[PDB]
Each structure stands twice: as C-alpha cells, then as structure tokens.
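Asks: Pasting a structure here, questions to come.
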There are 6 protein chains.
Amino acid sequence: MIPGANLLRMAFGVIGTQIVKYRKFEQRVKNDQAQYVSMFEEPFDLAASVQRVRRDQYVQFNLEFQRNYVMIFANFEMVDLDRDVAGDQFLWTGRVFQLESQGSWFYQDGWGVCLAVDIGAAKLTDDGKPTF
Amino acid sequence: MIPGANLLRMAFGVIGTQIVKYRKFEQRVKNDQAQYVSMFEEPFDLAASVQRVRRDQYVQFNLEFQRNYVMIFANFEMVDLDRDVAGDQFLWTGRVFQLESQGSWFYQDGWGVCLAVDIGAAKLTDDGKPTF
Amino acid sequence: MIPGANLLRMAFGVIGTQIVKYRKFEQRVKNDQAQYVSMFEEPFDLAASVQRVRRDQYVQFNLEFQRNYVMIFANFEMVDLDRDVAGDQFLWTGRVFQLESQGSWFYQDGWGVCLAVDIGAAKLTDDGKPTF
Amino acid sequence: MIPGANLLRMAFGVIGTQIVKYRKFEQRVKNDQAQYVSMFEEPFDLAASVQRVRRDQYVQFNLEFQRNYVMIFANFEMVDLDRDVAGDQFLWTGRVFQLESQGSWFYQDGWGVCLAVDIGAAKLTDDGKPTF
Amino acid sequence: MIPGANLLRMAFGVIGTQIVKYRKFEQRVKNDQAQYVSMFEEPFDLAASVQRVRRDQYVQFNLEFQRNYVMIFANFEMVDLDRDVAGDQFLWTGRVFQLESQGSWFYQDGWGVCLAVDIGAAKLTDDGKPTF
Amino acid sequence: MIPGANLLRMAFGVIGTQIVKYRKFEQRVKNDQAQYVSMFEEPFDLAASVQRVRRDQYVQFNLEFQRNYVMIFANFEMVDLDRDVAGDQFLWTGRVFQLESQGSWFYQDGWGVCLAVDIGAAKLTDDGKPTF
C-alpha cells in the first residue's frame with residue numbers, strides 16, 4: 001500500500017542523494033555548573049536529500065544575526081528535542097546541523113523530513129576527514 | 001449519495017491503514033484536591049490513517065518545548081474536549097494521544113478527522129503489549 | 001440566467017441532503033432584569049447540507065473551551081444577529097444551533113450559507129423526538 | 001481592445017442582472033450643530049450584479065454588532081468617500097447601501113466594482129414602491 | 001532572449017494602452033521655512049496600462065480618509081522616492097499621480113510597474129487641456 | 001541526476017543573462033573607533049539573472065525611506081552575513097549591492113539565489129568604467 005512501503009526510497013531511484021554523517025542521541029548528563037552535556041552513538045553514513053531553506057538575516061540587540069537552515073529528507077527515524085531527550089546531529093559539507101522540526105512519517109512510511117540549523121564548523125581529522 | 005455512504009471506508013480500499021487502540025470517555029469524577037480524574041470505557045481496535053503534523057520546537061520560560069501532533073482520519077465518531085466531557089484517547093506506537101481538534105463529518109458521512117497530541121509513553125504489559 | 005434560478009436546488013439533485021428543524025425569529029421582549037427573551041415562529045423542516053467547520057479547543061481564564069461550528073447551505077432566507085433582530089435557530093442531531101455569519105445569496109439566487117454555533121442538547125419530547 | 005470596450009457589458013449578456021436604484025452625490029452643506037448634511041441627484045435605475053460578501057458578527061463594548069456587505073459590479077462610474085465629497089447611495093431589496101471601497105476600472109473599461117454597506121430600511125412610498 | 005527584448009512592448013500589440021502625461025524629476029531646492037520644493041523636466045506623453053488597485057476607506061483622528069491608487073505598467077524607466085531624489089509624476093484623467101512603489105524590470109527588460117497615489121485635481125489650461 | 005548537475009547552467013541556455021561585477025569577502029579588521037572595515041578579493045565578472053523585488057517606500061522618524069532590492073540567481077557560491085564574516089558585494093548598472101538573504105542550493109546543485117540591497121552609486125573610473 002502507498003502509505004506503507006517507502007515513498008522516499010522509490011523517489012531516491014530517480015533524484016540524486018547526498019551523503020550526510022548522521023549521529024544519534026545516546027544519553028545526556030549534567031557536568032558541573034548545571035550546564036548539561038549531551039552524548040551520542042557512533043556516527044554512521046545516511047543517504048538523504050538536503051534541500052535549502054531561505055535564510056534571512058535579522059537584527060537583535062543592535063547586532064546582525066542569521067539562522068542557517070537546511071530541510072533534510074532522509075529514510076530514517078529522526079528525532080529532535082523531546083522530553084528527557086536532546087536533538088540529533090548530522091554533518092554535511094563540514095558543517096554541524098541539528099534538527100529543529102520533525103516531519104515524522106516514519107512509522108507510517110519509513111522516511112522523515114526535518115528542519116535543521118547549522119551549529120558551526122566541523123572538527124577536522126588529522127587525515128583531512130570533515131568529521132569529529 | 002456522496003455526502004452519505006462512507007468516503008473514508010471506500011478510500012481505505014486503496015490506501016493502507018494503521019491499527020490504533022482507541023478508548024472512549026465513560027464518566028469522570030473529582031478526586032481529592034479538586035484535581036479531577038477522567039476514566040474511560042474498554043479499549044477497542046480502530047482502523048485509521050494517522051498522518052503527520054509538522055511539529056516545531058519553541059521556547060517558554062527559557063526552556064525548550066515541542067508539541068507532538070498527529071492528524072488521525074478514522075471511521076468513527078470522535079469527540080475531544082466538551083462541556084462536562086473530557087477528551088478521548090488512542091494508543092499508537094506505544095504513545096498515548098489525546099484529541100485536540102474535531103473535523104466532525106460523522107453524522108454527515110460516518111468518518112472524522114482529529115488533531116491529537118502525544119501525552120507520553122504507554123504502559124508496558126507483562127507480556128510486552130504496548131497498552132495500559 | 002445562472003445568477004438567477006437556484007443553483008443549490010439543482011445541486012441537491014445529485015448530492016445528499018440532511019433534514020434540520022429550522023425555526024425563525026418572531027419577536028423578543030425584555031423580561032425582568034433587562035435581559036431579553038427571544039420568541040420564534042413555528043418550527044418547520046428544512047432541507048440543507050450541513051458541512052463541518054474545523055473546531056479547535058482554546059484556553060481562557062485557565063480553563064479549556066471549544067466552540068462547535070457547522071456551515072449550513074440551505075435553500076431559504078437565513079438571518080443571524082441584526083439591529084432589532086435576534087438570530088435564527090435550527091435543530092440537528094439533537095443539538096441546537098444558531099447562525100453566526102451570513103452568506104446571503106438569497107435575493108440573488110434563493111439559497112444561502114451560514115456559520116452556526118452549537119448551543120446545547122435538545123429538549124427530548126415524551127415520544128422521544130429531539131425537538132423543543 | 002480588451003482593456004477598452006466594456007467587459008462587464010459583454011458579461012451581462014449571459015449572466016443575469018439585478019436592478020438597483022442608484023443615486024449620485026450632488027452637494028453637501030452643514031446644518032446646525034456642525035453635523036453635515038448630504039444631498040444627491042435624482043435617483044435612476046442601474047443594472048448591476050450585486051454579489052455577497054461574508055458578513056460576520058462581532059462584539060464591541062460588550063454588545064453584538066454585524067456589518068452587512070454587498071459587492072456590486074455595475075457599468076457606471078461609482079465614487080465613494082473622497083476629499084470634499086461624500087459617497088454615493090443605491091437601493092436594493094428595500095435596503096439602503098453606501099459604497100465603502102472602489103474597484104475603479106471605469107476610465108480604463110467603463111465598469112466598476114464597489115463594496116457597499118447596508119445603512120437601514122428603505123422608506124416606503126404611499127403606493128408601496130420601496131424608494132425614498 | 002525573453003528577459004531581454006521588451007515583453008511589455010509586445011504585450012501592447014494586443015491589449016490597449018492609455019496615454020498619460022509623464023513628467024520627470026529635475027533637481028530640487030528648499031524654499032523658506034525648510035519646506036523643500038521639487039521641480040521637474042518638461043512633460044511628455046507616455047503609453048502605459050493603468051490598472052486599478054482596490055482602494056478602501058479608513059478612519060484616522062475620527063475622520064474618514066481614503067488613499068487612491070493606480071498600478072501603472074509603462075515602457076519607461078520610472079523612479080519614485082530615493083535618497084536626494086523626489087518621486088516622479090504623471091497626469092491621467094485630470095488627476096495627478098505620484099509613484100509609490102517601484103517594480104523595476106527596466107535595466108533587465110526596458111519596462112516597469114509602479115503603484116501610484118492620486119495627489120489632487122489637475123490644473124486646467126485656458127484652452128481646456130488637463131495639464132499644468 | 002537532477003538535484004545534481006546544474007539546473008541554472010542549462011536554464012541560462014534559453015533565457016538571457018546579465019553580467020555583474022562580483023566581489024568576495026576576504027578579511028575584516030577593526031580600524032580606530034572599533035568599527036570594522038571590510039576588505040575583499042579581486043573583483044570578477046559573474047553571469048547571473050537579476051530579477052526585481054517589489055520595493056515600497058515607508059516612513060521612519062517622520063522621514064520617508066525606501067529599501068532597494070534585487071533577487072540575483074547566480075551560478076556561484078554566494079555568502080551573506082555570517083558569524084565572523086561579512087557579506088559579499090556585486091556591482092550592477094553602476095550600483096553597489098550586498099546580499100541579504102541566502103537561497104543556498106550550491107552544494108546541492110552549484111547555483112544560488114540571494115536578495116541584495118542597494119548601497120549607493122558606484123565609483124567612476126578615469127576611463128568611465130562603473131567599477132571600484
């Protein structure tokens with residue numbers, strides 16, 4: 001049935017697909033000073049389509065900021081902010097992105113869409129790999 | 001006639017449907033402290049299409065929250081919050097959901113659509129069933 | 001001519017039609033305490049299509065409310081609130097409804113569309129009829 | 001040419017027309033108390049399509065009001081409120097209507113569209129005609 | 001190429017055009033009291049399509065105002081308000097219009113679209129021409 | 001694959017293309033008075049489609065302003081304001097423009113779309129070239 005199967009998997013047959021370095025939330029504990037540190041599973045490659053979102057600059061406290069966004073369609077269960085849970089994280093083009101929204105569709109269909117925000121430059125390995 | 005019959009019943013012929021554990025309001029009484037306890041009748045299975053709603057995280061009291069939503073099309077009379085009546089409740093993927101909107105269409109057509117919010121993880125039975 | 005004739009009358013030829021118990025405003029007088037009491041004509045059956053309106057719960061004074069809406073297409077002159085005139089009332093599925101908006105179209109075409117709110121449960125006759 | 005000619009005149013060949021009693025602004029002087037009195041030309045009949053506008057009731061000062069609207073397409077120069085000018089007035093179904101908006105299109109094409117609000121019941125002549 | 005050439009010039013082949021008396025900003029100097037007087041080039045005829053904009057009346061300081069708008073598509077470079085530069089001015093149907101917005105498209109394509117606001121009645125020449 | 005390749009490159013085959021003088025940010029230092037001074041790479045010609053954006057005049061501090069916008073589709077990595085990075089700048093028709101939004105699409109497809117504001121008149125070279 002169409003709401004079953006995997007629509008994004010079939011759609012990946014024709015359109016191209018980028019490879020991101022996904023990384024899943026594991027457990028998250030408090031360091032000193034009540035700032036609260038997150039930890040994650042092992043990274044793994046993910047086949048996803050990362051379309052753009054129009055990012056517009058704004059002004060706050062007389063400074064200029066801009067929130068960088070990407071909308072990722074991926075064939076995986078992607079979970080953002082949740083009670084007792086922090087967001088997920090994926091690397092793309094040497095930039096960290098964490099999910100902000102959650103389009104779900106997983107348990108219905110197996111795929112998902114999420115709006116993710118850039119966080120900062122990725123750490124560079126000794127060999128030149130753009131991963132932590 | 002087309003406003004009669006059951007359009008969702010015919011639409012279920014082609015598209016797939018999920019099975020949720022629906023549970024209907026019975027009557028509701030006040031415990032101590034004037035907090036007010038709602039109780040229900042026996043659960044029963046329901047064939048419904050549970051599509052997604054874009055859930056976006058927000059900020060309140062310097063904390064970060066996110067309201068989880070699913071839009072359920074079901075071939076049953078579904079009643080949310082009402083004068084002297086509490087909301088209805090269904091179980092899906094081990095998550096409790098309570099209805100928030102009401103698309104009606106029941107007395108006209110026999111089916112309905114409701115926006116429902118996740119409440120929390122379901123209780124796990126001794127045998128492993130994801131029901132209360 | 002098409003803006004003449006009656007488009008809803010011919011549209012009723014193919015689609016189904018619900019029977020509501022319409023009731024027209026006659027006069028209203030002030031009882032004690034300066035509140036007005038409304039009186040009405042004799043009830044009469046009306047052939048109309050009563051589609052849904054998305055009703056969403058809200059919060060006021062820390063309580064939870066929800067306004068129940070139905071959009072009625074009927075082949076009759078329907079008038080809601082007016083200067084020196086109170087709104088009309090129709091019964092459907094043992095629920096009272098009063099008109100809130102007014103699509104008019106009567107003097108042009110003969111039919112009309114109105115948004116109507118639920119008021120409460122109908123009075124039950126001794127024989128079980130759901131009419132006042 | 002199409003922006004020339006008269007598109008509403010051609011459109012009136014197929015769709016029907018309602019006859020309204022139009023009345024054009026002539027001059028206006030102030031009576032006593034600095035309230036200001038409007039005067040008008042002779043009434044004349046006008047063929048126009050008077051479609052509806054969804055009129056929704058509202059609340060002000062704990063009372064309930066509702067502004068009645070009609071959108072009139074007429075093959076005439078219709079002028080509402082203006083500097084040193086008051087709006088025009090047309091009678092339809094024994095009700096006065098004053099123009100509120102102005103769709104212009106006259107000097108381009110010869111016709112116009114205006115949003116008009118009901119003012120009150122028309123005066124009834126001795127013979128029963130519903131004009132002032 | 002299509003963004004080159006002149007799309008409005010070709011579009012004028014089929015649709016009709018109105019003739020407006022355009023007039024271009026020259027240089028602008030201050031009279032006494034620091035009110036600041038603008039003056040213009042010689043008027044010249046312009047072939048343009050002057051479509052309507054829905055003008056709606058509003059209330060300010062308990063008075064009633066209404067802003068008269070026309071959207072002019074003309075095959076000429078049209079500049080409204082600018083740093084050190086005043087808006088441009090065209091005459092149509094004996095009414096002065098000053099440009100409000102600026103649809104540009106000139107250096108791309110040669111034509112432009114501007115929203116223009118009525119200023120007032122035109123000066124009448126001795127021979128009856130509706131120009132300054 | 002279609003999200004690969006370069007859609008704007010082939011789209012330039014049929015539609016026309018303007019030539020702008022692009023200029024990329026290099027570094028930025030604080031001069032005296034703690035204001036930063038931007039400096040850039042060497043200018044280079046860029047092939048892009050610079051469509052209009054509806055620019056409307058507004059009022060601030062009882063003066064009248066207007067922000068001039070252009071939407072540039074270019075087959076290059078274009079970066080506006082960023083943490084520790086100033087926006088890029090391109091010259092077109094003797095006017096300086098700096099990017100404001102960022103449509104991205106580069107690493108996906110190779111092209112991009114940006115909203116750019118006008119800054120002021122270009123510096124005129126001794127030979128008459130409209131470049132810095």
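Residues are named by chain letter and number: chains run A, B, ... in the order of the structure tokens, numbers start at 1 in each chain, and ligands are numbered from 1 in the order shown.
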Select, as number ranges by chain, those residues of chain A with any atom no more than 7 Å from chain F (distances computed using only C-alpha atoms).

Replies: A: 15-16, 52-57, 66

Asks: Please, could you write that set of residues out with C-alpha atoms as a PDB file, in the first residue's frame?

Replies:
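Written output follows (result12.pdb):
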ATOM      1  CA  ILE A  15      16.658  12.006  -7.987  1.00  0.00           C
ATOM      2  CA  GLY A  16      20.170  12.230  -6.617  1.00  0.00           C
ATOM      3  CA  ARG A  52      17.630  24.548   1.245  1.00  0.00           C
ATOM      4  CA  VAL A  53      15.510  26.822   3.396  1.00  0.00           C
ATOM      5  CA  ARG A  54      15.528  30.569   2.745  1.00  0.00           C
ATOM      6  CA  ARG A  55      17.727  32.021   5.488  1.00  0.00           C
ATOM      7  CA  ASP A  56      17.148  35.729   6.116  1.00  0.00           C
ATOM      8  CA  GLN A  57      19.352  37.918   8.275  1.00  0.00           C
ATOM      9  CA  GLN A  66      21.328  34.943  10.614  1.00  0.00           C
TER      10      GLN A  66
END

Asks: Write out as a short mmCIF file (atom, residue, chain, number, x, y, z; two decimals) with N, CA, C and O atoms, in the first residue's frame each polymer residue whose atoms come within 9 Å of region 123-131 of chain F, counting only C-alpha atoms; drop sequence neighbours fewer than 3 positions from it.

Replies:
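Result went into out-v5.cif, see below:
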data_model
loop_
_atom_site.label_atom_id
_atom_site.label_comp_id
_atom_site.auth_asym_id
_atom_site.auth_seq_id
_atom_site.Cartn_x
_atom_site.Cartn_y
_atom_site.Cartn_z
N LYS F 21 29.56 42.55 -11.60
CA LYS F 21 30.94 42.53 -11.12
C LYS F 21 30.91 42.04 -9.68
O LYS F 21 30.70 42.81 -8.75
N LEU F 91 28.49 44.57 -8.21
CA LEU F 91 28.19 45.81 -8.91
C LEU F 91 27.31 45.53 -10.11
O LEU F 91 27.58 44.59 -10.87
N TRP F 92 26.27 46.35 -10.29
CA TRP F 92 25.37 46.19 -11.42
C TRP F 92 24.74 47.54 -11.74
O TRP F 92 24.21 48.20 -10.85
N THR F 93 24.82 47.93 -13.02
CA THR F 93 24.30 49.21 -13.52
C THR F 93 24.81 50.39 -12.71
O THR F 93 24.07 51.33 -12.40
N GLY F 94 26.09 50.35 -12.36
CA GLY F 94 26.68 51.41 -11.57
C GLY F 94 26.12 51.54 -10.18
O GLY F 94 26.17 52.62 -9.59
N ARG F 95 25.57 50.46 -9.63
CA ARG F 95 25.05 50.46 -8.27
C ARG F 95 25.65 49.29 -7.51
O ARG F 95 25.75 48.18 -8.03
#

Asks: Tell me, in Å to one decimal, how far CA of residue 111 (chain E) is from CA of residue 40 (chain E).

Replies: 21.2 Å

Asks: What lies within 8 Å of residue 39 (chain C) using only C-alpha atoms, ignoring chain neighbours under 6 positions off, as a list in words?

Replies: residues 25, 26, 27 and 28 of chain C

Asks: Kindly save the residues from that selection, with N, CA, C and O atoms included, as a compact mmCIF listing (two decimals), in the first residue's frame.

Replies:
# COMPACT_ATOMS: atom_id res chain seq x y z
N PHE C 25 -37.01 33.72 13.83
CA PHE C 25 -37.24 34.74 14.85
C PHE C 25 -38.55 35.48 14.61
O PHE C 25 -38.86 35.88 13.49
N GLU C 26 -39.32 35.68 15.69
CA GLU C 26 -40.61 36.36 15.59
C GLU C 26 -40.62 37.68 16.35
O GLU C 26 -40.82 38.73 15.74
N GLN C 27 -40.38 37.67 17.66
CA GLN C 27 -40.18 38.90 18.41
C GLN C 27 -39.47 38.54 19.71
O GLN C 27 -39.50 37.39 20.15
N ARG C 28 -38.85 39.54 20.31
CA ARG C 28 -38.15 39.35 21.57
C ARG C 28 -38.48 40.50 22.50
O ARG C 28 -38.49 41.66 22.07

Asks: In chain B, what's strand (DSSP E or B) per DSSP? Answer as a PyMOL selection string?

Replies: chain B and resi 18-23+25-30+36-40+44-52+55-60+63-66+69-74+82+85+89-92+95-99+101-102+112-121

Asks: Please provide as a ChimeraX atom specification all residues within 8 Å of residue 45 (chain A), with the sequence filter that same-chain residues fewer than 6 positions apart are discarded (counting only C-alpha atoms).

Replies: /A:19-22

Asks: Can those selected residues be exported to a file as a CSV table (one decimal), in the first residue's frame so that it contains N, CA, C and O atoms?

Replies:
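And here's out-v1.csv as it stands now:
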chain,number,residue,atom,x,y,z
A,19,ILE,N,25.1,12.4,0.9
A,19,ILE,CA,25.5,11.5,2.0
A,19,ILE,C,25.9,12.4,3.1
A,19,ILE,O,26.8,13.3,3.0
A,20,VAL,N,25.2,12.3,4.2
A,20,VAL,CA,25.5,13.0,5.5
A,20,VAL,C,26.0,12.0,6.5
A,20,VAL,O,25.8,10.8,6.4
A,21,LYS,N,26.7,12.6,7.5
A,21,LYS,CA,27.2,11.8,8.6
A,21,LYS,C,26.3,12.0,9.8
A,21,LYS,O,26.4,12.9,10.5
A,22,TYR,N,25.3,11.1,9.9
A,22,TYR,CA,24.3,11.2,10.9
A,22,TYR,C,24.9,10.6,12.2
A,22,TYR,O,25.9,9.8,12.3
